[PDB]
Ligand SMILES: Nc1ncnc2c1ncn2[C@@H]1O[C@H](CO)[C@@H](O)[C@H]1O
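What follows is one chain in structure tokens, specifically the form solved without this ligand.
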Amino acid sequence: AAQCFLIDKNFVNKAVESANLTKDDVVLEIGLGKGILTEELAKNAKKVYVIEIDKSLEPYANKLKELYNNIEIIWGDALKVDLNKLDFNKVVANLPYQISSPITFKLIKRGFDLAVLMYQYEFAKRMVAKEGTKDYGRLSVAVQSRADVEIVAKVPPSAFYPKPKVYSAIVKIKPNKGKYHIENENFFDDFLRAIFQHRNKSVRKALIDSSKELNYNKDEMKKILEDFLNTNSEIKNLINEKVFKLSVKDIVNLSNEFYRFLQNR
């Protein structure tokens, strides 16, 4: 039902400020809403693209485009839109929470200078979570390995109408493709799926239990792992620590070493 439009001008401004916009910036916004945030991006940016599914919101677009010459609407599914065909450097958005996850990685894949995105509070906690904590998981690592992230503000239900049951959060994302060397990104993705499927088990036991994620059966993985651990380096001894207690740096390092081992096995 009319689900949760951003209305509170203070939280709009907080998002716009956090985005540090200048007239040289081209912004992508996900969702038109009432066009309150849209208007603020138009004021401060070179140009703003808005991907919107709901065509009944067109009145807001036409009224807005009568005032600003630098807004362009793309009518469609954000997950379906080819972002490679658009040239932007920032994303600022009150996201539809249902597409929270696949839209984050799609945007990161395409790349941007900076994103200032609204997520439900719980999801943002997991994005920014530190190792050894309740909210630390695959989402944390998947994100922090590719980007620097922080919650710039917590947002109460009173900032929206109809107004949600939960808090939201404004999250700042700064991609840093160079903070970690990754031997093979696809092997990293598989590794992360395998290990966070057994979050409270040792890395060693997680890998054996979810070996199919890395394209090996259980017995192969047992043997591989024993061969891999026959050399005595420190990082390898961290394979007996519990998955959730390894930091992003520890996971990257361990998977880099595992991949290189497998390459000569």
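Just count from 1 along the sequence shown to find any residue number.
Keep in mind the form solved in complex with this ligand is missing from the figure; the text below concerns it.
Here is the short version: of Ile53, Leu67, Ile235, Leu229, the single residue with a heavy atom within 4.5 Å of this ligand in the entry with it bound is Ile53. Taking a 4.5 Å heavy atom cutoff to this ligand in the entry with it bound, the contact residue among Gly76, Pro157, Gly132, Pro102 is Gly76. Across the options 216-224, 235-243, 27-35, 199-207, residues that bring heavy atoms within 4.5 Å of this ligand in the entry with it bound belong to 27-35. The closest heavy atom approach of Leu57 to this ligand in the entry with it bound falls within 4.5 Å. In the entry with it bound, this ligand lies within 4.5 Å of some heavy atom of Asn94. Within 4.5 Å of any heavy atom of this ligand in the entry with it bound lies no heavy atom of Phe258.
Residues of 201-224 that come within 4.5 Å of this ligand in the entry with it bound, judged by any heavy atom, do not exist; none qualify.
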